[PDB]
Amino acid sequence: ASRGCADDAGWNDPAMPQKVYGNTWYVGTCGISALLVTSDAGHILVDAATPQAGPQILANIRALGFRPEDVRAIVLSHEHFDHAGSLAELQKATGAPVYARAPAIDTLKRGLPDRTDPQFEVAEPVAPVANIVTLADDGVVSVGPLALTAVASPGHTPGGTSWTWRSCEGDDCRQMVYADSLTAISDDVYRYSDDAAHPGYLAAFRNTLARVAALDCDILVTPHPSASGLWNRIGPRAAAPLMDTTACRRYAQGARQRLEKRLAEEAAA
């Protein structure tokens, strides 16, 4: 029997790919999520993990008996190197356009963010993405019978996006939520509380927390799987249920408390 993943697992430590629910499959690493949403008309790939994880994600798609060339759309949580890192490599293997919101596009085109990113100074360089479709803030990415809806989730980054869709096992159909990172982390310089440096940014982070808290949410997954206890719910170490309709609420409420603690830290220093 396999050991499964730790919650402190390296971003590049391999994970056994596997079904999450229905036609939603996990194809990331122990430390970083990536999902494959499948149909007989083509698939949607969710995220690209790190710049080092591209070959793992492709091997994982194949391990499940799907072909990367059948992916017709790639979507992104947020424009940090640990989620966007292998996008260009994945676009080459799949031929699929990458969908992102307007505030993420320059970063995806440069392969590096600008000062609007809380983590600007600690960014790692990644390959520019050649073909990006700018998606509206509640736009829908459609491939055959698949429909993934964007939920704008700025705060951890300007371009952050959560995603929601329905997956079914027979007639038991569940609202999947891939909620973006909500951690109020930064480089050594950035101050969430300095509104004059980025007017409205922190308010929009608060708005994001409220929006994510309100989603219809049967099964939550997050870009860092440990942020939603993923490995306590699927795989060899699972001991809590996969489905928990309170998960988005609790995720957002925990992130609010942590955001407020970040504000207190900034006040003190």
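Note that residue numbering begins at 1 and tracks the sequence as displayed.
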*Name the higher of the two by mean Cα B-factor in the PDB entry, 244-252 versus 8-16.*
8-16
*Per the PDB record, is the mean Cα temperature factor higher over 80-88 or over 191-199?*
191-199
*asked:* Comparing recorded Cα B-factors across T134, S186, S153, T183, which one is largest?
replied: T134
*Whose CA atom has the top B-factor in the entry, of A214, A48, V37, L64?*
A214
*Pull the Cα B-factor of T208 out of the PDB entry and bin it into the chain's lowest, middle or highest third.*
lowest
*Place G170 in the lowest, middle or highest third of its chain's C-alpha B-factors, as listed in the PDB entry.*
highest
*B-factor third for the C-alpha atom of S162 within its chain*: lowest
*Classify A179 as lowest, middle or highest third according to the C-alpha B-factor given in the PDB entry, relative to its own chain.*
lowest
*Just say lowest, middle or highest third for the CA B-factor of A41 relative to the other modelled residues in its chain.*
highest
